[PDB]
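The data below hold one chain only, encoded as structure tokens and taken in the form deposited in one PDB entry.
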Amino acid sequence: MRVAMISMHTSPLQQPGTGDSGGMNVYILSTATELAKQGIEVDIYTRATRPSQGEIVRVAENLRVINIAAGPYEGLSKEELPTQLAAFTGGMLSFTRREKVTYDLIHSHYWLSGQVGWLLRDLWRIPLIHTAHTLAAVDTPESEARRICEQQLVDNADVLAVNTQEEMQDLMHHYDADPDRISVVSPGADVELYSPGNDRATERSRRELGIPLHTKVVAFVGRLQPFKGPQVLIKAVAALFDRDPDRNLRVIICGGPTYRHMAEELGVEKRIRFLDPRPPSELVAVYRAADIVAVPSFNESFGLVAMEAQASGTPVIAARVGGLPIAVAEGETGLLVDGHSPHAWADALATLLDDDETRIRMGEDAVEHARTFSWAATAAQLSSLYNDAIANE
């Protein structure tokens, strides 16, 4: 079995997040790697952006990323990438023709990639598996255009792979999806890498990151886009410092795009610290060093940062939003905040910072919790999904 995965607008090889690179990228790369271990051949197609990488990147046995040239290597933001839909498809058509390579099935990620895959599937007479990841309908002409396309994929993909059950409800409610085509594939997290793990480990991480050993630490991890709520953490942190101006707290925010600006405006620059985005082998230390990981997302999806925080033995305080309620066992492995007000987040941060015994236990419980996912697990579900799709064509 050879699968073509399509990831048009962002490459699995991009440092997540910064950029347009986040959970979706690591979802695609992690599932792909596990599929490849299981004997399944995966080619992940993405738009070429870094010519030093070459056309074909051999990632591991059975795993390749294909950088397809379509428009300049730069000066094209996500919003304009629709203009490259036909060219990127054509890119894949040449590549496959040139390399004489045939696929059993296509698995597209995000609506741009799906539009590509819908054309390819009729042409190649193979099935399309589509994963939305995020949806317009969950108010501009550009979003109505995107919705309309998301609507097309819903009506045409052979299988709609969603990441949670709540996402399946969304497909059914907002997109009139036929439930017989939706299929829940519950995601994973690299649970061997992200891990507590050793009794000296937190304080080793702290030495390594230059954090003082005796202080409480809250961490934000991920893209510094406003829908991710880092502003909420900074605002909440400021609130805590009005209540008690010498609270023993430091914040590390990690990593990529100003918020430092908001933090000076609010008088808290000295206790906040912005870490550059880094690869997973190095993010572990951020998680380990943190007492609490705050994930104040406005939109979401399926909660990957929450999962890795948990895996690594650190309780999470998340927004009641997207996948987070499922990624976090409210009251057992962390807290869920309603809304994004600074007052509410200060309260929730205060209750875990001041109650040592509770927080220490949430952390331990989270490890057991996070072990319910499992990229391997995720691949095994996709494995079956694929087999069925092929079986039924």
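A residue's number is simply how far along the shown sequence it sits, counting from 1.
Although it is not shown, the form deposited in another entry is what the next lines describe.
Colleague: Thinking of the change between this form and the one not shown as two rigid blocks, are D176 and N25 in one block?
Modeller: Taking the motion between this form and the one not shown as two rigid parts, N25 shares its part with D176.
Colleague: Quick one: with a 3 Å or larger change, is the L35 to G323 CA distance smaller or larger in the other entry? Answer closer or farther.
Modeller: Closer is correct, given that in the other entry the C-alpha spacing of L35 to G323 is reduced by at least 3 Å.
Colleague: Considering a change of 3 Å or more, are the Cα atoms of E282 and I6 closer or farther in the other entry than here?
Modeller: Their C-alpha distance grows by at least 3 Å in the other entry.
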